[PDB]
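Read the single chain below, which is given as structure tokens and is the form deposited in one PDB entry.
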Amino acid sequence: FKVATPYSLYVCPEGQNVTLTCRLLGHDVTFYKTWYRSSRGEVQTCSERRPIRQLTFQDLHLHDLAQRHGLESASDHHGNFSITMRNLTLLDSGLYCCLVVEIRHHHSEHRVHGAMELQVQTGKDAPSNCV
């Protein structure tokens, strides 16, 4: 199985709402999906796992707790899965990671992740709306 990331970079102004998305590309097989972010260091990588607005990859796995921090983890029937981040701040900038775990019950486990960069801007150079 593969994970597709339609967008590599998301450039948003502050106060806006953004939806980051990933696509799961295809008997006792089940898929577990979630999100996290890289650490805010010099090099951003999905091998680093940090919570998003203090919500862990366990908290965000596929509601009320996420809603309090302006987050919503959701999915489609067509492999698509996403995280909505409301009322964006400069601090939200960084590398975001969508994680998928394929479980063949008591037999095997395979894990794949996708990555996308989110840049939140303010001032003269900042874009008009999420684009």
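Residue positions are given as counts along the sequence shown, with the first one as 1. Throughout, rigid core stands for the largest set of C-alpha atoms superposing within 1.5 Å between the two forms.
Asker: Deposited residues absent from the coordinates between residue 62 and residue 63, none, 1 to 3, 4 to 9, or 10 or more?
Answerer: Gap size class: 10 or more residues without coordinates, per the record.
Asker: Between residue 26 and residue 27, count the deposited residues left without coordinates and pick a bin: none, 1 to 3, 4 to 9, 10 or more.
Answerer: In the record, 4 to 9 residues between residue 26 and residue 27 lack coordinates.
Asker: Which of the two stretches, 44-52 or 78-86, shows the higher mean Cα temperature factor in the record?
Answerer: Comparing averages over the C-alpha atoms only gives 78-86.
Asker: Read off the CA B-factors in the entry, average them over 64-72 and over 88-96, and name the higher stretch.
Answerer: On average, C-alpha B-factors are higher across 64-72.
Asker: Tell me which of 22, 112, 9, 18 tops the list for C-alpha B factor in the record.
Answerer: Comparing C-alpha B-factors across 22, 112, 9, 18, the top value belongs to 9.
Keep in mind the form deposited in another entry is missing from the figure; the text below concerns it.
Asker: Which residue of 39, 80, 84, 89 is the mover here, meaning its C-alpha shifts by 2 Å or more between the shown form and the other one once both are aligned on the rigid core?
Answerer: The listed residue whose C-alpha shifts by at least 2 Å is 39.
Asker: Determine whether the C-alpha of residue 68 shifts by 2 Å or more between the shown form and the other one once the rigid core is superposed.
Answerer: No, the C-alpha position differs by under 2 Å between the shown form and the other one.
Asker: Is residue 109 among the residues whose Cα moves by 2 Å or more between the shown form and the other one after superposition of the rigid core?
Answerer: Yes; residue 109 is a residue whose C-alpha shifts (by 2 Å or more) between the shown form and the other one when the cores are overlaid.
Asker: Residue 41 and residue 114: do their C-alpha atoms lie closer or farther in the other entry than in the form you see, with a change of 3 Å or more?
Answerer: Relative to the displayed form, residue 41 and residue 114 draw closer in the other entry - a change of at least 3 Å between their C-alphas.
Asker: A 3 angstroms or greater change in CA distance between residue 43 and residue 50 is reported in the other entry. Closer or farther than in this form?
Answerer: They are farther apart; the C-alpha distance rises by 3 Å or more in the other entry.
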